[PDB]
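Peer 1:
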Amino acid sequence: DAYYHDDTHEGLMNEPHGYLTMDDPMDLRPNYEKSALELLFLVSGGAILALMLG
Amino acid sequence: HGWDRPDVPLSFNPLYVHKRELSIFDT
Amino acid sequence: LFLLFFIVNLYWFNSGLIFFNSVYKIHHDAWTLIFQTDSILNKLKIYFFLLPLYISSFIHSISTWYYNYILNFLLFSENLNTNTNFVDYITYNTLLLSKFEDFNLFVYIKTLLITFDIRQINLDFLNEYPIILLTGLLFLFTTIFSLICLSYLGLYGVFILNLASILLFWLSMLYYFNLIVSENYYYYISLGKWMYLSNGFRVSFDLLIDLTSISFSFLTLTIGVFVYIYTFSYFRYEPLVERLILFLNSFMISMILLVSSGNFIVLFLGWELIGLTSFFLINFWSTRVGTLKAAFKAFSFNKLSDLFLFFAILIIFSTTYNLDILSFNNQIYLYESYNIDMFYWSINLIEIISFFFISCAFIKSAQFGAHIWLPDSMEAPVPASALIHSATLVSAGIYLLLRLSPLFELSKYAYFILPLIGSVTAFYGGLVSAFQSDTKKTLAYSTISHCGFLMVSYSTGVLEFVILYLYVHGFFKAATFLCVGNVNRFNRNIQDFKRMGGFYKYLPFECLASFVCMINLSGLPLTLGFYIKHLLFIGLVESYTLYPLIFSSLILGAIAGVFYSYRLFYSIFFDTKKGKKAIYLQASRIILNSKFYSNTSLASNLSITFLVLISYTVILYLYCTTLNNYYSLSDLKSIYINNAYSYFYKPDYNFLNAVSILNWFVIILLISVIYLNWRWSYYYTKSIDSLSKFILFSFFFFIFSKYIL
Amino acid sequence: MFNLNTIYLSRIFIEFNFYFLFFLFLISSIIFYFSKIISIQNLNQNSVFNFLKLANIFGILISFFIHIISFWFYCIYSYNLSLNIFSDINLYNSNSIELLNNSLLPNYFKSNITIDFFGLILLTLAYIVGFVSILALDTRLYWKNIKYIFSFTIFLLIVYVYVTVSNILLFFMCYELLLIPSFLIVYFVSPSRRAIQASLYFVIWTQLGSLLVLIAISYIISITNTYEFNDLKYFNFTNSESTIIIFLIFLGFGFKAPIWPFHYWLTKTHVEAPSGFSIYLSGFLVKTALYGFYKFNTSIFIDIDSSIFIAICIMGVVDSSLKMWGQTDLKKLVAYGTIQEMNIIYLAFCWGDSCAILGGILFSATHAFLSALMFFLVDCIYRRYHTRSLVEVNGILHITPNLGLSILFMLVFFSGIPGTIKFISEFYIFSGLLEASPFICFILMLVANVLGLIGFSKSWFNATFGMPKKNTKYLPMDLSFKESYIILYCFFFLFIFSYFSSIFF
Amino acid sequence: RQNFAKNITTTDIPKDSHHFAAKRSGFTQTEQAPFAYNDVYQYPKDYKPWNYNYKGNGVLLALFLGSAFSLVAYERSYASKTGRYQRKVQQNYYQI
Amino acid sequence: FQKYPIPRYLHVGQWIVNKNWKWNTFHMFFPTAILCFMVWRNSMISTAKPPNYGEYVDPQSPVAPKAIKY
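Protein chains in written order, with this note's numbering: chain A, 1 to 54; chain B, 55 to 81; chain C, 82 to 790; chain D, 791 to 1295; chain E, 1296 to 1391; chain F, 1392 to 1461.
(1) Using beta-carbon positions only, say whether residue 584/C and residue 654/C come within less than 8 Å of one another.
(2) Leaving aside the five residues before and after residue 34/A along the sequence, list all residues of the same chain whose C-beta is less than 8 Å from its C-beta, in chain order.
(3) Would residue 343/C and residue 269/C qualify as a contact pair, given that the criterion is a beta-carbon distance under 8 Å?
(4) Which class does residue 405/C belong to by DSSP, given the choice of helix, strand or coil?
(5) Along the alpha helix (DSSP H) that carries residue 275/C, what are the first and last residues, could you check?
(6) Answer yes or no: does any C-beta atom of chain C fall closer than 8 Å to that of residue 2/A?
(7) Where in the segment 139-185 of chain C do unbroken runs of the alpha helix (DSSP H), each at least 4 residues long, occur, reported from the N-terminal end onward?
(8) Which value, in whole angstroms, describes the spacing of the CA atoms of residue 1249/D and residue 1179/D?
(9) Could you tell me if residue 27/A is buried or exposed, where buried requires 16 or more neighbouring beta carbons within 10 angstroms of its beta carbon?
(10) Which partner residues does residue 758/C have in the DSSP bridge list?
(11) Can you tell me whether DSSP reads residue 284/C as helix, strand or coil?
(12) Rounded to whole angstroms, what's the CA-CA distance from residue 112/C to residue 1291/D? Just pull it up for me.
(13) Going along the chain, which residues of its own chain have a beta-carbon closer than 8 Å to the beta-carbon of residue 1117/D, five neighbours each way excluded?
(14) Quick check on residue 1191/D - is its C-beta less than 8 Å from some C-beta in chain F?
(15) For the segment 1207-1227 of chain D against the segment 343-358 of chain C, do three or more pairs of beta-carbon atoms, one drawn from each stretch, fall closer than 8 Å, so that the two count as touching?
(16) When Cβ atoms are compared, which residues of the segment 1398-1410 of chain F fall closer than 9 Å to chain D?
(17) Out of curiosity, what's the CA-to-CA distance linking residue 1199/D and residue 1281/D?
(18) Of the residues 846/D, 893/D, 1230/D and 1107/D, which one's Cα is nearest the Cα of residue 812/D?
(19) Excluding the 5 residues preceding and the 5 following residue 853/D in the sequence, name in chain order all residues of the same chain whose CB lies nearer than 8 Å to its CB.
(20) Name the two residues that bound the continuous beta strand (DSSP E) containing residue 420/C.
(21) Going by C-alpha to C-alpha distance, which of 119/C, 492/C and 357/C sits closest to residue 417/C?
(22) Quick one: which chain B residues come within Cβ less than 7 Å of residue 1114/D?
(23) Identify which residue in 800/D, 933/D and 1187/D has its Cα closest to the Cα of residue 839/D.
(24) For residue 1364/E, return the contacting residues in chain D, with the cut-off set at a CB-CB distance below 8 Å.
(25) Looking at the strands, I want to know which residues DSSP matches up with residue 1336/E.
(26) Start and end of the beta strand (DSSP E) containing residue 427/C?
(27) So, is residue 182/C buried or exposed, given that buried needs 16 or more other C-beta atoms within 10 angstroms?
(28) So residue 796/D and residue 861/D are in contact, right, with Cβ under 8 Å, and what is the actual spacing, rounded?
(29) Check whether chain C comes within 8 Å of residue 1421/F, counting only Cβ atoms and requiring the distance to be less than that.
(30) Determine whether the beta carbon atoms of residue 1254/D and residue 1212/D lie at a separation below 8 Å.
(31) Using a beta-carbon distance below 8 Å, is residue 936/D in contact with chain A?
(32) Give a yes or no on whether the C-beta atoms belonging to residue 392/C and residue 1232/D are separated by under 8 Å.
(33) Check whether the Cβ atoms of residue 532/C and residue 560/C sit closer than 8 Å, and answer yes or no.
(34) Run through chain E and tell me which residues come within less than 8 Å of residue 834/D, C-beta to C-beta.
(35) Any heavy atom of ligand 2 within a distance shorter than 7 Å of the CB on residue 927/D?
(36) Could you list the residues in the segment 1247-1272 of chain D with a C-beta less than 7 Å from some C-beta on chain A, going in chain order?
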């Protein structure tokens, strides 16, 4: 186009950013809700695989 | 080009102010 | 050291294997020398040069053993090896060289290497096993993963990944398109059992790649490729170009799934998917509730279509306990003499199913009454509108009619509703498009008119004409949509051409390509649109009770293409400068003069050019496959054969004179649009003089070319 | 190749899983009571409330895994047990396999365990919905009301007894035990001040239904002095008695279903109950009412026409669907969706024990998960934007993209997309109704799948899209990992349950 | 309200104590007192907040081993259901 | 449209460019191709095609459609 600013010189061409979730990366709590839900997901997947897949 | 334009104003999304009662008959 | 020792050991092992195999085969040295009778010199003889064979065997003695233990741990079987003590098993297996029978080290390596050769792919394998499924899955999963990974892939990453997937899909689909259209190929691909639907009944996710499916899918995929390449240009400096690209890809794959359905459940899945993806495409400007209302009107109409389709499928299942489309089509004739006791009425079984399918088709393929969502669906970006209007969303009803052709052959409701509604819709759409000042609304009403014409073509009983009309309309409507999208972007999001004019200089390629695509789209004489409209009028049945209204509407909608095509082209490009001064002056500054100067994108220009070229090639191929004296099209799976091809092959004089009446109506309309002076001009007198001399020249040219020489 | 080991595997797993849950609850209660004097939370890190939450959540999760294993054991056992009776054709031999009781633990309430597919589906729904609800109640349990962390374990134990006993009186009692914990949760855990009246309405409506069911079961017990369904099989009720029984059970379980016009309590409670209970109330307890109705009506021969009950259910569906457009409150809209789905499921049980209960069970599971997901989304919206009304929050997709995506995919799943299990349940019920009554089937599908869906999508699409211009200083953040994983698990179940074995469907 | 212990013992909080420097001289008669604690969190250099930073192989290995166990279990189940010890492989396999 | 600043905490895709998008494209295309190849093999196991040119179906062959023997 007429007057184009490339990505390197653009001041508002964002690189990927943002927090993926609301969990604090530097959170010091022994919070286990995420671990419990991950365990639920993994055990459900394994039960489907190890009991029902074939 | 030819002018250093400021950032897009907040007036581009004007805040709507409710001046009338939101009737339940117009739900 | 390591490499040299490995090479030496491999050579020794291969030599030992050759010695053993060349001495074991004929069952004389099979055992005698192998486990020779002690004689410790002999023992070292057999354990020293067959040592590479023995040592490896020792590994085979310990690798399998532990492996079996793993199974014993994982499966609770074999009671492990209590019969052995790990001192008899190891000695027995290590000293038993019968494992190395007819086995060579280098031959195994060669077989490993030749298991990935691509020179032996062969063409019969491609014919027998459709690779198009692999590329379609690649496109679908790349689209989904790009939707999930919008941060790993930036603008360029998303564009390149989806471009590669879509190009592989298009290249794969061209070969199978040729095979299916010409050489009577089709495939039924069962992707495993999908889900239970009745007690003991399980439907499977099946796909049917046949003539109807390949036609719709190839049209959709070509339009989608050349819109996707164009989409990146149209959304140049917009916040969510990756979002627009992924929405387009999702809508494309939804339509491909819809047209490739093998069951009514995959059909309903594709219907709902195209509905929701069109809703997301229309509601691209999520920050606007003004877009939300239009998208929600489209969503409501799609939900009504889903209700009708679901009820029709439920009636079919309650009648036949079957959901396979092929089985339903080939056995629905048995249930013609059937009725359903619905409330106080006894409705014919075919009549009610056809009513529901036809309502579902009419809502999607916009017909009169149910069309009102299509003009409001222009809030979507131009690439989205091009995909929606050229094919896909408005061609879904045509796909419903073509896929279930045997059902609608035996329906009195279809016989009465398809031609009447089609003609009314064609007339309405063409007439309204002839009066529209917005470019996108003009093309939307043109799409409505051509959908009505497609309904009429289906009512004629010839499915080849339906396919030809669908292809021509889709290709040229998509190209015209891209051209008007470039025009709208140049005009800075003002779509009405009352603020345009003089854009030929700023948009030369757009002007010329739009001219070509409009003369093809509007069915002007000597063009493919003229051919498809002539074919439509060839097969139009005259036994309808409302034939006067039907034929009058068809004529008035067929003559309406000239008006909207001329108005759009001339007002956009060659009218006076009705636009704003900022549009013209900013793009005409002397500093901008360069070899890079362009008000559009080189990628957009190349995409439109290649789209037009491929459209011409495909339409010519279809014409040669259908309209030639040697009919070479594949089976359309329809047993209702009328005599409409007789008037195409050996017409009578009355039909030629009627089509001549239509041609002269078109000529008079061209004369009107070209020479009528609605405004004062310095050329007004000279325009009348030009008209007079043109009339006289035409008369004398007719006189000389017919009689004198 | 089905041997005696699998039979005892299934029975032992069921009994000992009940005892696992009961022992965990007992140990947790003993620790909670004997470690503190007041038994309220000590507002510090070293508090038993952390241990109580850990113990209850882990009991629920591990007992759910054991329940998955026991459900698979039961599926194999039931398939092969129905096979064995069907298999042998010789008239001299019959299947006579007599089992022994376990030695370590007694039979609770001195009752032999009887397991059916509907009961174990109900138990699985109990486990999963209780897990989601308790995960949604951590922000509500605080100083002086932490004692309700055990409520879902109590529900699990009650329903475990409920779905495993062949005693009709124990069945009725376990159905009747679900009121006190529910009222205690609504009365003490709800933050809204209007939830006291909602709790009163819930109690009075559900207890009127319970009184009707009590009259019916009193008739059953007094007429035929027994407590076993086989003894019911060996007895016949006259036409008047059967009519009274079916009317009473239908009206009571429709008070709990709820059915038209007995859903006022459900609307008020759902609007005012805490989000965790709203997940549990709509997801599960109404399914217990469905299970009770199915067990009661199947065991009794009824000779009256069910057109009146079918009309009541269809009127409930229509009435709920037509009110979705006029709901600016997302939680009340989800409550009306729950009413519609519940009436549709209750319709499937109006043909006795025909091949219509299969769609009812599948739709019960599907509605459990869908209502859990929708109320969880409403909970996320109310915790983020501090409001639920459509006129106060919109443009969620632009500030909280994950929440907006979850809303959109929830709408897609709720629209009966063929890939999920709502489409399967709709297919079952609508095919049966179309063969029964085509015009009424079209009316039900038109009102539910078009008008109700249009209103439901209108109230959610307006929240998802727009501009969150006001209160930029107070705009919340995106979805956390807990909410994201709960939503993903709901989606995963709604998708993958379509591949469950078709033997029981 | 939250009542957990910020001063964890399992590890040391990654901190940057040089970003903010507390004032220690040149105070005026109306200035406020400086702040004692000025350490700020220091994220890893290769940390991306927009994705999962999971760089392990545990989940992949667990899923792969579960799938392999499913495969071998299905093989044994098919062998047993056909009345054999191991699957008998036909010389030719055709489309279903 | 004129570019405007985007919050750093917001995980949105507005004007997002990844400088390492080429390797991401590689590692998102090729494994997807492999997955689709495996699915393609699985679905090609269950695939039906009509007889080729010059081939007819023998009505008494097992391939021919069959009717139920009551």
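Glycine residues also receive a C-beta, built at the ideal position from the N, C-alpha and C atoms.
Peer 2: Judging by the given coordinates:
(1) Closer than 8 Å, so yes.
(2) 23
(3) Closer than 8 Å, so yes.
(4) strand
(5) For residue 275/C, no alpha helix (DSSP H) segment is defined; the enclosing uninterrupted segment is the beta strand (DSSP E) at 268-279.
(6) So, interface residue.
(7) 170-176
(8) About 9 Å.
(9) exposed
(10) None; residue 758/C has no bridge partner.
(11) Strand.
(12) 54 Å
(13) Hits under 8 Å: 1123, 1126, 1245 and 1249.
(14) yes
(15) yes
(16) 1400, 1401, 1402, 1403 and 1404
(17) Each residue's Cα considered, the two are about 9 Å apart.
(18) 846/D
(19) 807, 810, 811, 814, 917 and 946
(20) 420-423
(21) 492/C
(22) Chain order gives no chain B residues near residue 1114/D, where near means a beta carbon separation below 7 Å; the closest approach is about 11 Å.
(23) 933/D
(24) Within 8 Å Cβ-Cβ: nothing; residue 1364/E doesn't reach chain D, min ~15 Å.
(25) Answer is 1310/E, bridged to residue 1336/E.
(26) 426-429
(27) That one is exposed.
(28) That pair is no contact at about 13 Å.
(29) no
(30) no
(31) By this cut-off, residue 936/D is not an interface position.
(32) yes
(33) no
(34) 1298
(35) Questions concerning ligand 2 fall outside what the structure shown contains, since it holds no ligand whatsoever.
(36) Residues 1267, 1268, 1269, 1270, 1271 and 1272.
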